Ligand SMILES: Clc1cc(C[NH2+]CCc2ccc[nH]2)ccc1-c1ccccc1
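Given as C-alpha cells, the chain that follows is alone and in the form deposited without this ligand.
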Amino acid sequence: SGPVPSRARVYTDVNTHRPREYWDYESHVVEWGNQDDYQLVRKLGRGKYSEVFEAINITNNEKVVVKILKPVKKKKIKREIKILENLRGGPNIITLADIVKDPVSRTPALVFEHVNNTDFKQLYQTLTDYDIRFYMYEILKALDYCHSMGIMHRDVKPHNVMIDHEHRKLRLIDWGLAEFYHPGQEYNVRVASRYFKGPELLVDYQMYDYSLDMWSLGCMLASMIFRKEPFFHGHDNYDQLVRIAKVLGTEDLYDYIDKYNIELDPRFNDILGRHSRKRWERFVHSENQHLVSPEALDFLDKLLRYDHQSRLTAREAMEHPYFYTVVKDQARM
C-alpha cells in the first residue's frame, strides 16, 4: 500500500471555501507596471532566483526594495505575486507595492515598501532572552496569518526575517517558495534550506501542510537559545536526518515512518543507527544558560516533532507560557 494520507489540523479547508480565483494563480492576470517609475540605487544582495536592490520611486521620492525575478517559469512568478497580493496588509508580512517589467528585457520585477537590509541572522545570535521571545512572537503573528489565509511559506529561516531592531519591527520576506495548502495535495519536497528542512521533506512524505513552517521555526529557536548555528548541521539531505535522529532519537522516527507507511530511501538503512532521545539540558552551557528556561525547552520540544500533526500550530505556539510576559507587555502598550 502507499503512504497514509494526512490533513492539516487547522485551516484545512480555507482555500476550498474561497473563490477559485483566490488560489488558482495560473489563471491570475497581472497588470504589469512600468520599470521606468523606479531607479535602482544599490545592490542589497543576490540570492538563488533573485537580485534585490534599494531603489527610489521617482514620482514620490519614496525608498522601495526591488526584487528582479531571475529567469524562472511564469507559473512560479504568478504564484509569488498572487500569494503577496493575498497576504498584503497582514501582520509582519512584506508589502508588495508594484509589479513591473523591463520594456527591453521583458524581465519581471517586484517592488516592495522599504525595509532596512538587516536580516535576523545578523542579530539573532546576540539577543536577550526577552528579545528572542519578542521576535519569535512577531514571526508567529506572520505565520498564523499566512496559514489562516491558506498559505505555507516553506522557507522560514533567519535570512528571510528582516528586522528593524531600533523600531522593534519584523517582516517575513521571500515568498518565492510559498504555496497554497489544499487537503490531499502532494507537494514538492525540494523546498527549504537544508538545516531547516522538516523530517517530512527528508523522508519524502509529500502530503505535508502549514506544520512544515513550525519545524523550521523550532530549528531557528533552538539555534538562538543554544547559540548553535545551525542546530541540526547535516553534510547533505541524508546526513541532515541523521543529525535530527541523534537528538530526537530513532524510536520516535521509526514510529513516525510506521504511522504514515513511509517507504524510507535505502541509503538511510545503514546511517540512522539507534539513538536515545536526548534531554535538552545536554545543549546548555555557561554561554547560553541565560537564554534557556524550562518555558523555552517545553516550547521547543513541542515544535521539534517528527510527526507534523503533533507539532504546535502557530496559534497554539502563541498561547504557550514562554510568551506570557510578551503578551502582557503588548496589552500594556
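In case it trips you up, residue 1 is the first one in the sequence shown, and so on.
The same protein also exists as the form solved in complex with this ligand; that form is not shown, yet it is the one meant from here on.
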Ligand-site obstruction classification: this ligand, superposed in the entry with it bound, backbone or C-beta within 2.4 Å:
blocked
In the entry with it bound, does each residue in the set 192, 197 and 210 place a non-hydrogen atom within 4.5 angstroms of this ligand?
no
Touches this ligand in the entry with it bound: residue 224 (any heavy atom, 4.5 Å)
yes
In the entry with it bound, does residue 135 come within 4.5 Å of this ligand, counting heavy atoms only?
yes
Even though the partner isn't displayed, in the entry with it bound is residue 159 close enough to this ligand, meaning a heavy atom within 4.5 Å?
yes
I'd like to check something about residue 123: if you look in the entry with it bound, is any of its heavy atoms closer than or equal to 4.5 Å to a heavy atom of this ligand?
yes
Scan 247, 149, 127, 97 and let me know which has any heavy atom within 4.5 Å of this ligand in the entry with it bound.
127
Tell me, out of 214, 142, 220, 83, which residue has a non-hydrogen atom within 4.5 angstroms of this ligand in the entry with it bound.
220
Pick out the residues of 164-179 whose heavy atoms come within 4.5 Å of this ligand in the entry with it bound.
173
